[PDB]
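As structure tokens, the structure follows; a few thoughts come after it.
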Amino acid sequence: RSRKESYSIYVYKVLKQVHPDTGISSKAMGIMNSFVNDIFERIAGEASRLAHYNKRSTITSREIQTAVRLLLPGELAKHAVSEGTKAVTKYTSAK
Amino acid sequence: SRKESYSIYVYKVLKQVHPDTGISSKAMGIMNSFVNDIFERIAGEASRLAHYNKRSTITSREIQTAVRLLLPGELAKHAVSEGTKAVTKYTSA
Amino acid sequence: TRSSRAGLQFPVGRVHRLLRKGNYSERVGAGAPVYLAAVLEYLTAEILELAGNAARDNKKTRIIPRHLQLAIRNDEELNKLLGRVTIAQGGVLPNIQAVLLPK
Amino acid sequence: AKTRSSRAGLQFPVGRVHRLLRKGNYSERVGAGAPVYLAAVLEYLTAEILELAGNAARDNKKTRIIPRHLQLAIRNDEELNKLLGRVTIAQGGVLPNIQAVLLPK
Amino acid sequence: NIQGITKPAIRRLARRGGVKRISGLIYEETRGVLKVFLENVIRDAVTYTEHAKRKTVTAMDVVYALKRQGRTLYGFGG
Amino acid sequence: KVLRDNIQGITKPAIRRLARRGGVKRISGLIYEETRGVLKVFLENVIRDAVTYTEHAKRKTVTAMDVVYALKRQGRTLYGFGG
Amino acid sequence: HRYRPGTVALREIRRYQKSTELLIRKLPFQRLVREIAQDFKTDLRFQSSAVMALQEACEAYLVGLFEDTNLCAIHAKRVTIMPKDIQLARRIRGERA
Amino acid sequence: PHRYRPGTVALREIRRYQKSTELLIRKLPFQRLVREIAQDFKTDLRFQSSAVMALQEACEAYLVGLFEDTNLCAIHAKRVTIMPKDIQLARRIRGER
DNA sequence: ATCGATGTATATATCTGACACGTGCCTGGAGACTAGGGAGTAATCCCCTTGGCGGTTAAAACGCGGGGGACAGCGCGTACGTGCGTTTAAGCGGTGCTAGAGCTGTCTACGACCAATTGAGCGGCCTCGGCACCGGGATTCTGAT
DNA sequence: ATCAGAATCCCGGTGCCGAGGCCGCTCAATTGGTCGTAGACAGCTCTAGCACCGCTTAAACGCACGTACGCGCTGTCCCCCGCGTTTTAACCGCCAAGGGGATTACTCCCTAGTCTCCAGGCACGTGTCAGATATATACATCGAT
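Sequence order for the protein chains is V, A, H, E, P, W, Z and G.
When you line the first sequence up against our numbering, it's residues 1 to 95, in that order.
When you line the second sequence up against our numbering, it's residues 1001 to 1093, in that order.
When you line the third sequence up against our numbering, it's residues 2001 to 2103, in that order.
When you line the fourth sequence up against our numbering, it's residues 3001 to 3105, in that order.
When you line the fifth sequence up against our numbering, it's residues 4001 to 4078, in that order.
When you line the sixth sequence up against our numbering, it's residues 5001 to 5083, in that order.
When you line the seventh sequence up against our numbering, it's residues 6001 to 6097, in that order.
When you line the eighth sequence up against our numbering, it's residues 7001 to 7097, in that order.
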């Protein structure tokens, strides 16, 4: 009776946002899950490499932004950077 | 007022292997980057092996299987031999 | 929560725990998990949206791996992002070389 | 023996390698023998490359290992060439290799 | 036992690949290619396994082996 | 001072020389334009990441370590320029 | 009757590019994996999911290789993929010397 | 006029440009090309001289390693001349755009 | 087939910038203690792998004939190589400016850390639909007619 | 064209099982509150990047000509393809054994952290020799003759 982490219900909620009637089968669930893991490991690995390259000890939103600009290709990069800036900015807007 | 490198250690290894062959400056830069490359590779592989097993420490076991994962066949066997030999000697006496 | 504070659906708390216990750096700015959770949620929304539509073309109300493969490989900049990724039970893009077609 | 390098019979700096493994954020901890092992492996690999390069230099009757000779050593050895296949080497040149069809008859 | 990859199965793989007409020697070459690829991937999987002090090559081991070859594989609890 | 159309600095004999090093015995006349296009695509894909590493370091000078990091990212590690 | 040789091929192509299920059989591949792992550490075991993942990887690999091989063959003005096609595709992707 | 049979000078030039290692693209035009390409990303950048040299080394390595694969493709089609379809096949097999 | 001469390779004499080496300082490596948490080890549960089998049936294997695609040979035209002479712009050196990298002090915001606590998430469970499918009908392919 | 014989596509009833929804609980995310330090900001310094000029001269360009080679065309043959028949072994469901993965509890030793030396290493500076080139020389070899 342990607690294995996975992004099941999160991907599910994003799905219900973008297709309120379309379900997702457990195997495509696993695929979305491994996709989230892969992309997150890529972005954090590049953020870590940025930090160590500039001799910093903090992964701030600057490093995540440059990681996104390095990994995701052009248009995907621009739109993802916008989405992240908006989320972070909104987070700052609260308290 | 310091900069790290391996420019002297590679020279010692050279003099130990070819006792009378110098090494240019650009070649020293190349070897100095090759050591850094292999170091980052073996260390990154050992880090992956530490997390994949929910360990925390990079023991010698992790570095060993990382060398087995990276270097091809006979380089892997010889490198593992050299590593275990150096480790065992360090443990000794 | 903390994901609601950012208008996200991906859990900023979990992404913080993973950036911290993952040994990516000694410190993790408190604005980093938010940015990263947002980028993950954006890419997941992109994938799932293109996927959904393909499923709807196959007149189906349930994404299966084939639909993810169709979305990921038809989109040009998602292909380049997952160019070296094979998707289990994914099949390929229907593509017969024009020289092989009958004449 | 004071320094860990001499205690391990190596020549590469066990201490510098230990530091790089610590302030590199590869893991919370770094076992005692991990720097020893990793420095031994680094020393073996660089000894192999320098040995082959020195031989390549002795072939062309020169005394200094330039980059050309490192390239000849790496490319002309199947196992190194598989280890360093995605590696450009500045000033390296290429292996002298004309395709078998292009030569005249 | 490599012959278990029968001639029609290689034919089907080539069909999916878009191959219209298949020579006769493609079968032996493809068995060789497959054996090489499997040697590499299972070697890395068994390495990860031995290092985990286990005796059952699990899905995560093969997923990691493929990621290390540079052929990331989504779909097995990665 | 803006520059424009220097892809013709990769002259015809320069591409011919690069080929002759590659082993090519006889080069068609339309190789030059395709090679210039290929070189420009590669250079853009590398200089974008070089400049991105720069801008993230808040510098205004593309160091050689940024170029080496960009190449290592593209999967074409380069040896002999520090780091 | 009889189809003009070359059209059952296109029909099989369309049939196998609409499908996703695995093309190589299951038990032959399982015995192949166990045989090949017999040469690395005797008396192994395989989580069934791990054999399935090996199969997915190998089939995706072979499918990609045959796409690039078909490209080489078409490039040589031919239509039948030959061995030298596979050898060239692998020598360019950088898999063997 | 006295003349070797065509192909001979190309052979000796292959020998000569595979012995030596000096950079082949003329330096200053490459520096200009690098600056011109960089203008589209951040105006008024300064390029460490060694960074421009690193870009030139990488680019010559890439074009040489592309003409090797191109020559393989061209010889595979029973030709000796390399032609844009060869370069495009090489880059399509490698995985580039 | 000789010249021959173009080119390559072999031999020695010279110069010079790069390297191999000899110091002076310094800072990072090493050592001795302390402490505590990570890893080893043993015990136990129970899942999940392996093996064995019997049947059925879809798939593999085999024979064969025929046609269509691979491969060699030839011809022809273009287009690429080669040589010369003319033009261009790289390369080098030298100067001169300065924009920006790089190091350092200060100081404040920000993030780690710890304890409480409270809701979000995981797991077990169950009900409904969605996909596969079978079947019948209708249209559209491929190929001989 | 046409006509047929399948192949494929559409539409509808049907079953099965897997996904989507609910509920209970435990554990990780949140929230304060405190403290240390990373990093930002500024300011100085000086290295190195850029710009420009003038010369020399090697390389690029342009042009002309010939011939090698790319490419189309044709002919032959062998070797895949497609189909029908016989064989074989994969799938599946079931059951049993038991090996090993996974968890928990306990204990110990190995590593982090800290402070205190002190010698290994780096920057500086210097002397010299390895290699590039010059000049001279012996021989391969390309080839039109």
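Virtual Cβ for every residue (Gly too), placed ideally from N, Cα, C.
Is there contact here, the region 1023 to 1036 of chain A with the region 4024 to 4035 of chain P, by at least three beta-carbon pairs under 8 Å? no
Compare the C-beta of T3088 (chain E) against all C-beta atoms of chain W and say whether one is closer than 8 Å. yes
Does chain G have any CB closer than 8 Å to the CB of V3017 (chain E)? no
Do you know offhand how far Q6055 (chain Z)'s Cα is from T3088 (chain E)'s? 34 Å
Using a 10 Å radius around the Cβ and a threshold of 16 neighbouring Cβ atoms, would you call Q7018 (chain G) buried or exposed? buried
Cα separation between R2073 (chain H) and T1065 (chain A)? 35 Å
For a contact defined as C-beta to C-beta under 7 Å, what are the partners of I3098 (chain E) on chain W? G5023
Could you tell me the distance, in whole angstroms, from the CA atom of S61 (chain V) to the CA atom of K2021 (chain H)? 18 Å
Quick check: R7094 (chain G) and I6036 (chain Z), are their CB atoms within less than 8 Å of each other? no
Go ahead and pull the three-state DSSP assignment for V3087 (chain E). Looking at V3087 (chain E) - three-state DSSP - the assignment turns out to be coil, as it is neither helix nor strand.
Excluding five sequence neighbours on each side, which residues of the same chain lie with their C-beta closer than 8 Å to the C-beta of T1057 (chain A)? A1050
Tell me which residues of the region 45 to 61 of chain V have at least one Cβ-Cβ distance to chain W shorter than 7 Å, keeping chain order. If you check each beta-carbon in the region 45 to 61 of chain V against every beta-carbon of chain W, the ones closer than 7 Å belong to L50, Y53 and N54.
Would you mind telling me which residues of chain A sit closer than 7 Å to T3063 (chain E), beta carbon to beta carbon, in chain order? Taking a Cβ-Cβ cut-off of 7 Å, the neighbours of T3063 (chain E) in chain A comprise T1021 and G1022, given in sequence order.
Check this for me: beta carbons of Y2024 (chain H) and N3081 (chain E), under 8 Å apart or not? no
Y7004 (chain G) - partner residues in DSSP beta bridges: Looking at the DSSP assignment, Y7004 (chain G) forms no beta bridge with any residue, so it has no partner.
Pair within 8 Å by beta-carbon distance, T7021 (chain G) and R3058 (chain E): No, they are not a contact pair.
Pick from W:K5001, W:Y5079 and W:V5024: whose alpha carbon is nearest that of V7009 (chain G)? If we check each option's Cα against that of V7009 (chain G), W:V5024 comes out closest.
Among residues of its own chain, excluding the 5 on either side of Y7 (chain V), which ones have a beta-carbon nearer than 6 Å to its beta-carbon? Listed in chain order, the non-local C-beta contacts of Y7 (chain V) below 6 Å within the same chain comprise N33 and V36, local neighbours out to five positions each way being set aside.
Which residue marks the beginning of the alpha helix (DSSP H) containing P7084 (chain G), and which one marks its end? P7084 to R7094
Would DSSP call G3009 (chain E) helix, strand or coil? Here DSSP, grouped into helix, strand and coil, assigns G3009 (chain E) to coil.
From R4071 (chain P) to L6088 (chain Z), what does the alpha carbon distance come to, in whole angstroms? 20 Å
Give me the Cα-Cα distance between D4061 (chain P) and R6045 (chain Z), rounded to the nearest whole angstrom. 12 Å
Provide the residue(s) that pair with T1057 (chain A) in DSSP beta bridges, ordered along the chain. BP columns for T1057 (chain A) point to E:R3029.
Counting contacts by CB-CB distance shorter than 8 Å, is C6072 (chain Z) in contact with chain P? no
By DSSP's criteria, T5061 (chain W) is part of a beta bridge. Which residues make up the other side? G:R7046
For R3064 (chain E), write down the residues that DSSP places opposite it in a beta bridge. Per DSSP, A:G1022.
Would you decide whether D6085 (chain Z) is buried or exposed? Buried here means 16 or more other CB atoms lie within 10 Å of its CB. Buried.
Kindly give me the distance between the Cβ atoms of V3041 (chain E) and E1082 (chain A), rounded to whole angstroms, as I take these residues to be in contact under 8 Å. Contact flag correct, Cβ pair sits at about 7 Å.
Give the residues from the region 2042 to 2066 of chain H that approach chain V closer than 8 Å (Cβ to any Cβ), ordered along the chain. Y2042, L2043, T2044, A2045, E2046, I2047, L2048, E2049, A2051, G2052, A2055, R2056, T2061, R2062, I2063, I2064 and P2065
When the distance is taken between beta carbons, is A6053 (chain Z) closer than 8 Å to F4076 (chain P)? yes
Determine whether the beta carbon atoms of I3098 (chain E) and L3070 (chain E) lie at a separation below 8 Å. In this structure, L3070 (chain E) does not lie closer than 8 Å to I3098 (chain E) by Cβ.
Which residues in chain V have a C-beta closer than 7 Å to the C-beta of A5057 (chain W)? List them in chain order. Identification of chain V residues near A5057 (chain W) by a Cβ-Cβ cut-off of 7 Å yields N54, ordered along the chain.
I'd like to know whether the C-beta atoms of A7051 (chain G) and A5064 (chain W) end up nearer to each other than 8 Å. yes
Cβ pair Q3011 (chain E), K1054 (chain A) closer than 8 Å: Here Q3011 (chain E) is not near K1054 (chain A), since their CB atoms are 8 Å or more apart.
Report the option in P:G4078, P:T4047, P:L4013 and P:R4068 whose CA atom is closest to the CA atom of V2092 (chain H). P:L4013
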